[PDB]
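One letter stands for each residue in the lines below.
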Amino acid sequence: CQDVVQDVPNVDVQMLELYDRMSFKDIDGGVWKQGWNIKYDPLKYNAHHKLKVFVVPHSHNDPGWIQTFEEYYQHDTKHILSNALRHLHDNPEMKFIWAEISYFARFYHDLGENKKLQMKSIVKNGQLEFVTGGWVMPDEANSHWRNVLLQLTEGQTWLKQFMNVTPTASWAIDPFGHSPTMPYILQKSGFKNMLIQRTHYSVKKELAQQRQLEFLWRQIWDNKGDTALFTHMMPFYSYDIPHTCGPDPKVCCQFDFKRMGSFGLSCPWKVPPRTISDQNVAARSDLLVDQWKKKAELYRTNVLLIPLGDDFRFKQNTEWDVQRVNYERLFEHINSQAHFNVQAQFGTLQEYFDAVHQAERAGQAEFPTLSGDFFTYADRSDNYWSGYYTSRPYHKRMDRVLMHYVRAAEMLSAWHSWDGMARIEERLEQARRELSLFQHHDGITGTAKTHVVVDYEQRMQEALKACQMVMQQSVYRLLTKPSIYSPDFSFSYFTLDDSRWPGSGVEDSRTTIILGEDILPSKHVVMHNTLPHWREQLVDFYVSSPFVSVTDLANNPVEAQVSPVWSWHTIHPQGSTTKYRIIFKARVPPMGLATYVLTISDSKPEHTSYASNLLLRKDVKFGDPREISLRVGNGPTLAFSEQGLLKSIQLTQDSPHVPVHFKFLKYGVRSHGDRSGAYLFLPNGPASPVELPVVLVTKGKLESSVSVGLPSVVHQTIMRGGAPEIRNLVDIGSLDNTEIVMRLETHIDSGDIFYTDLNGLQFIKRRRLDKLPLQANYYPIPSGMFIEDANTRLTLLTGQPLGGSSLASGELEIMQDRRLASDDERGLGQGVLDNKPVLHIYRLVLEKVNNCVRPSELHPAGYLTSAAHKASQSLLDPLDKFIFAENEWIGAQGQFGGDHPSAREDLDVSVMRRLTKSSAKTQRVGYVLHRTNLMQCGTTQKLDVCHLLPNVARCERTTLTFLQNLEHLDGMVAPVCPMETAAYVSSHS
Ligand SMILES: CCCCCNC(=O)[C@H]1N[C@H](CO)[C@H](O)[C@@H]1O
Ligand SMILES: [Zn+2]
């Protein structure tokens, strides 16, 4: 395996180094406003060296944005695809690319058979070419890598099953900045090429000047270069026709033939397109070819890509007519006139990349290598798109909850083949597709209209219910003796109990276990652990009585703690007399289940302790405000201010109290300048302190917490014996033009360096740049962020993607919510005034790192410790909890998976998914194995997934989508290196 710590890759362009060297000066470049007046040598082209031009018609279809998925499908997309089918069938030399398989699948299944066969004919002959073939064109900032793979898999599985094609070229023209997680996944899924568009105007200018817009994009840690994927960055401001023919939009607009006649579109540069005729074709051709040759100067080959399309284009048959026939007139003229030294035709994306490859094999070009990312994007001046890292944070949090529920439901149900009457496959397909849809660059991003966000939320709620039904059926089957198991697939054997979604302060919907000395003294509960190692985790349930004790199914006592149930309502807490929280440590096998029993008694049982409660304000105890110190277990000691906010952490009895201060601050909106909206973050200066309360302290043997009711945030620090958990109930209410930030202040001498993650996959080094505005120094925090000096690190792990930074040495900060009264002129046509209360969850890990092997200061990556990685796993993939619904469970087993191997801590079974229905004579199960890289600080069984299930006939290493066999495995054993992701399919008789 490559060493990803001591060894630093050699790349031509390393993006952290580029940003340090770039001035980012917003100079007027002329007609190419953000570039320069391109010149070419007309003698470059001659009879011996021609320019080969591919005009690639396309239509950007958003799966929800201003309208819902179903609204756009009925009003726009079904007409685009019906016209594409008719026009490509009738016109064999016309071409069209299609990216969004969500829409293509919705359309194709509604076709009559004649039209399905006509559609297969234009795919088979290459006229209609799928690009990427994901369910959507996902966001790349907020999206988890697992959900990027899920939606890619959903689309590509659909294309393999129904069209027998697998795209190897990716098309991502609209996500708001770009992540190297995409080439990472694509290159492990058989891709050869990808295209991106929305990168910072300054980065486009800098790369254009060096002809570095085409590059072999490798991961920041990849010394060898085996992760590299050929990437094409488009050079101009937009993917629309005015910004895709060449550098002058006033000219390119005259070759968007929809912007004349009856269509109701026009050129804002005030020169209309004109119909191509014998009278004007020579002049129109010279104007267009001059644009193409200028654009060609930015690239290394004689093969040129000219996208032809825009949002929901090709909707009318007349639009197909005017674009096709006018371009045909131009091509017929250009190709017949030797003086241009051009061959021009309609083509596809793969056609372009194949031609570029051929030019490279011919010796025309050597491409540069690149690592890093393209965040944070700005399309003009200081308009950085760091707002959508936080917009609609309720749905951002919901994404991570549904991520986990899909994984758990697929895994729990994979262990068996299910009768079709159980409808396991239908519910898992529904859950996968609703989650996949939400990866769209107007879903998770929080950049859709309010009714479209409600449609995404309703879809995800239906997906969560679908996962609940599969999980509970699966648990009942796994833990009931087969001699007894006689299922009713409409029956609820278990109810799920989720402590963190939506959160009792957001939705008071947790089931209270009703116990009673008469009629029901005991209740069975069951924990699931989706991770492939033994896990101990505190769990809690609501119980109707405080007199409750816990056992396993062998009736061994389990130490427990009863806490009161508190709610927040000046802001003050109130205690429940209707319910109590029973808290105990669950021990669960790898990818397994464990059963416990809750039993009532008439008085305090032997093995249950009772938390004390102290209410501080300027039996429950009362007190004036004061600094407090707490320690749970062998865990750290935390000190809190008089306002209930952390002020210091003491890791061990013999270590110092290290200052770590939590603060809540607010950003505002500019009175005179551009206004923040769903996309843009345009703060009116540095954040100002929130004006501050009642402090609730609950002290227990197993769990303690400090909660404070602040304006807009109920802030809670929970201690269970290691890194604390932070929970913020965030209610921005009617605070128009406000963004609430949570900030950490320390003495860690981090200077201008900090680390944030990409897609939950990798940590990337960031440098704060005082030459850029505040909003440019905000990056996505999809799962964590850290700062460190020579001795000390602080890591904040998140249960939801938010925006954040380090705006000074020793600080971290992360945005909680934002309420914007104004539109930011990117097409949404509304601000963000539909906030609702959201429960955000974090872990806070202070560590000594002076005995850790860290990368050299030139390495562009950072790595978590064991502690911080487990903390993140605790947030994203907690134990699942099941309450048995009926009074008696005959044939109950105490455990499932006690024989499963407990894999090394850096290895995860990200995906387990049965790929075949019960009717298949050969059953197949797919696994995705991810190995992270953890820092070695001087602090298990081999996992062979092909042997997890019996009667294995075959073990294959596959692409991550499971669609191609890469390697038949010896002895049917599944081997993976640090920072590598591998997929395996096991086949069974
Ligand atoms: C500014 C009005 C014209 C909008 C053109 N369309 C876009 O800018 C695309 N980006 C949007 C992001 O929300 C949306 O996905 C659309 O596909
Ligand atoms: Zn879009």
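- The protein chain is annotated in the PDB entry as Alpha-mannosidase 2 from Drosophila melanogaster.
- As recorded in the PDB, this entry has the title "GOLGI ALPHA-MANNOSIDASE II in complex with pentyl 2,5-dideoxy-2,5-imino-D-talo-hexonamide".
- Under the UniProt heading Function, the note attached to the protein chain is "Catalyzes the first committed step in the biosynthesis of complex N-glycans. It controls conversion of high mannose to complex N-glycans; the final hydrolytic step in the N-glycan maturation pathway (By similarity)."
- Listed under Sequence similarities in UniProt, the entry text for the protein chain is "Belongs to the glycosyl hydrolase 38 family."

Here we look at the coordination of the zinc ion (ligand 2)
Inference 1: Around the zinc ion (ligand 2), the protein supplies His60 (NE2), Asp62 (OD), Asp174 (OD) and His441 (NE2) as donor atoms, at distances of 2.1 to 2.2 Å.
Inference 2: Around the zinc ion (ligand 2), the six donor atoms sit at angles spanning 72 to 168°, and that spread fits a shape best called octahedral.
Inference 3: As a motif over one chain, the donors of the zinc ion (ligand 2) read H-x1-D-x111-D-x266-H. Of the two residues, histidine 60 and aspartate 62, neither departs from the other in class, the shared state being buried.

Remarks on the pairing of strand β45 (residues 907-914)
Inference 1: Burial of β45 is extensive: seven of the eight residues sit out of reach of the surface.
Inference 2: Where β45 and strand β46 (residues 923-931) come together, seven bridges link them in antiparallel fashion. Counted as the bridge partner of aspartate 908 is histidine 930 from β46.

So, the state of the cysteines
Inference 1: Considering all chains together, one arrives at five disulfides under this definition.
Inference 2: Bridging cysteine 253 to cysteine 267, the disulfide has an S-S length of 2.1 Å. Here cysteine 253 and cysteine 267 share a disulfide; its torsion about the S-S bond, -100°, makes the bridge left-handed. Remark: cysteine 267 occurs in the loop between α8 (249-252) and α9 (281-296) and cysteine 253 occurs in the loop between α8 and α9; sequence separation between them is 14 residues.
Inference 3: Sulfur-sulfur distance for the disulfide between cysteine 852 and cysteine 937 comes to 2.0 Å. One quick way to see it: the torsion about the S-S bond of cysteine 852 and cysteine 937 is about 110°, and its sign makes the bridge right-handed. In this pair, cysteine 852 sits in the loop between β41 (838-848) and β42 (861-862) while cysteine 937 sits in the loop between β46 and β47 (952-958), placing the two residues 85 residues apart along the sequence.
Inference 4: Numbered by position along the chain, the disulfide-linked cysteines of the protein chain connect as 1-10, 2-3, 4-5, 6-7, 8-9.

Examining the site of ligand 1
Inference 1: Not every one of the 13 residues close to ligand 1 is listed here, only the nearest: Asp62, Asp174, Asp311, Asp442 and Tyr679.
Inference 2: Within the side chain of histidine 60, a nitrogen or oxygen atom sits 3.0 Å from an oxygen atom of ligand 1.
Inference 3: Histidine 441 is positioned with one of its side-chain polar atoms (N or O) 3.2 Å from an oxygen atom of ligand 1.
Inference 4: Summarising the domain contributions, the shell around ligand 1 has at least three residues from each of domain 1 (1-381) and domain 4 (612-877).

Let's talk about the domain arrangement of the protein chain
In many reports, interface size means the accessible area that the parts give up when they come together.
Inference 1: In terms of domain boundaries, the protein chain breaks down into domain 1 (1-381), domain 2 (382-492), domain 3 (493-611 + 878-899), domain 4 (612-877) and domain 5 (900-989).
Inference 2: Here the C-alpha centre of domain 3 lies 54 Å away from the C-alpha centre of domain 1.

Here's the deal with the packing of helix α12 (residues 393-414) against helix α13 (residues 424-438)
Inference 1: Interaxial distance between α12 and α13 falls to 10 Å at its minimum, and their mutual angle equals 150°. The angle between α12 and α13 places the two elements in the roughly antiparallel class. In this structure, the crossing between α12 and α13 has a hand that is left-handed. In contact with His395, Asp399, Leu402, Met403, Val406, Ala409, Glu410 and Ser413 of α12, α13 contributes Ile424, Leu428, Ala431, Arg432, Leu435 and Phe438.
Inference 2: Along the lines of polarity and charge, the residues of the contact of α12 with α13 split into nine nonpolar, two polar and three charged.

Here's the deal with the pattern of salt bridges
Inference 1: Using the criterion set out here, one finds 57 salt bridges in the structure.
Inference 2: A salt bridge links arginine 259 to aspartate 310; its shortest N-O distance comes to 3.8 Å. Taken together, the positions of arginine 259 in the loop between α8 and α9 and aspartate 310 in strand β9 (residues 303-311) put the pair 51 residues apart, joining distant regions of the chain.
Inference 3: A salt bridge links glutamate 788 to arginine 793; the shortest N-O distance between them is 2.9 Å. Each of the two residues, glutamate 788 as well as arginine 793, counts as buried.
Inference 4: Each of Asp497, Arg500, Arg510, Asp540, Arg581, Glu703, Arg720, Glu725, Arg727 and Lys881 takes part in salt bridges that share partners, so that together they form one network.

Section: the UniProt feature "active site" in the protein chain
Inference 1: Those residues carrying the UniProt feature "active site" are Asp174 in this numbering.
Inference 2: In this fold, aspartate 174 is placed in the loop between β5 (169-172) and α6 (181-187).
Inference 3: The exposure class of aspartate 174 is buried, given its relative accessible area of 6%.
Inference 4: There is a polar contact of 2.8 Å between the side chain of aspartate 174 and the side chain of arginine 198.

Here we look at the UniProt feature "binding site: Zn(2+)" in the protein chain
Inference 1: The positions that UniProt labels "binding site: Zn(2+)" are, in the present scheme, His60, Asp62, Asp174 and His441. In terms of the greatest pairwise C-alpha distance, the residues named above, spread along 382 residues, form a tight cluster of at most 11.9 Å across.
Inference 2: In this structure, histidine 60 sits in strand β2 (residues 51-60).
Inference 3: Residues contacting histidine 60, with those up to four places away along its chain left out, are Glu100, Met137, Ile173, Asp174, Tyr239, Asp310, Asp311, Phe312 and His441.
Inference 4: Setting aside residues up to four positions removed in sequence, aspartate 174 forms contacts with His60, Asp62, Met137, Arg198, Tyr239 and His441.

Looking at the packing of aromatic side chains
Inference 1: Taken as a whole, this structure holds 52 aromatic pairs when the rule is applied.
Inference 2: Between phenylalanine 96 and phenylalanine 314, the ring centres sit 5.8 Å apart and the planes meet at 70°, which makes this aromatic pair edge-to-face. Taken together, the residues span a long stretch of sequence, with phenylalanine 96 in strand β3 (residues 96-98) and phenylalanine 314 in the loop between β9 and α10 (317-336) at a distance of 218 residues. One exposure class covers both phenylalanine 96 and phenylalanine 314, and it is buried.
Inference 3: Ring centres of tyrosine 755 and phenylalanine 786 lie 4.5 Å apart, and the angle between their planes is 10°; on these two criteria the pair is classed as stacked. On the criterion of sequence distance, the pair formed by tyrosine 755 in strand β34 (residues 753-758) and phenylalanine 786 in strand β37 (residues 784-788) is long-range, its members being 31 residues apart.
Inference 4: What makes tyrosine 755 buried here is its relative accessible area of 9%.

Describing the side chain of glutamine 873
Inference 1: Mapped onto the elements of the fold, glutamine 873 is located in helix α15 (residues 866-876).
Inference 2: For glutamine 873, the residues in contact, after removing those within four places along its chain, are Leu531, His533, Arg535, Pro878 and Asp908.

Re the packing of helix α3 (residues 101-110) against helix α4 (residues 113-124)
Inference 1: Closest axis-to-axis distance for the α3/α4 pair is 8 Å, and the angle between their directions is 135°. Considering their axes alone, α3 and α4 lie oblique with respect to each other. Contact residues: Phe104, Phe107, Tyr108 and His109 in α3; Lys116, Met119 and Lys120 in α4.
Inference 2: Per-class residue counts for the contact of α3 with α4 are four nonpolar, one polar and two charged.

Considering the sheet that holds strand β48 (residues 965-968)
Hydrogen bonds along the backbone pair up the strands of a sheet, which may run parallel or antiparallel.
Inference 1: Pairing is antiparallel across the open sheet formed by five strands, whose spatial order is β45-β46-β49-β47-β48. The open sheet is flanked by β45 and β48, the only strands paired with a single partner. Between one strand and the next, the sheet's axes are offset by a mean angle of 30°, whatever the strand orientation.
Inference 2: Along the sheet, α12 makes contact with β45 and β46, crossing β45 at roughly 65°.

What about the sheet that holds strand β6 (residues 193-196)?
Inference 1: The six strands are arranged β1-β11-β7-β8-β6-β5 in an open sheet whose pairing can be described as mixed. Of all strands in the sheet, those bounded by a partner on one side alone are β1 (13-14) and β5.
Inference 2: In this sheet, strand β8 (residues 229-233) lies alongside β6 in parallel orientation, the contact comprising four bridges. Within β8, the position partnered with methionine 194 by the bridge is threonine 231.

Cut-off values and rules
Residues numbered from 1 in each chain as written, not as in the entry; some residues may be left out. Chains lettered and ligands numbered in written order. Heavy atoms only, no water. UniProt positions renumbered as here; feature names shortened; annotations may be inferred. Donors = N, O, S within 2.8 Å, 3.2 Å for Na, K, Ca; no water. Tetrahedral: all angles 85-135°; square planar, octahedral: opposite > 155°, others 65-115°. Buried < 20%, exposed > 50% of the residue type's maximum accessible area, 1.4 Å probe, protein only. Helix = DSSP H or I, 4+ residues; strand = E, 2+ residues; numbered from the N terminus. Pairing = 2+ DSSP bridges. Disulfide = S-S within 2.5 Å. Near = heavy atom within 4 Å. Polar contact = N/O pair within 3.5 Å; in protein donor to acceptor, adjacent residues only side chain to side chain. Domains from an automatic or database assignment. Axes fitted to C-alpha atoms, helices over the stretch in contact; angles between N-to-C directions. Parallel < 35°, antiparallel > 145°, perpendicular 65-115°, else oblique. Left-handed = near helix turned anticlockwise from the far one by under 90°. Contact = heavy atoms within 4.5 Å. Nonpolar A, V, L, I, M, F, W, Y, C, P; charged D, E, K, R; others polar. Salt bridge = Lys/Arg side-chain N within 4 Å of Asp/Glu carboxyl O. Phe/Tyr/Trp six-rings, centres within 6.5 Å; stacked < 30°, edge-to-face > 60°.

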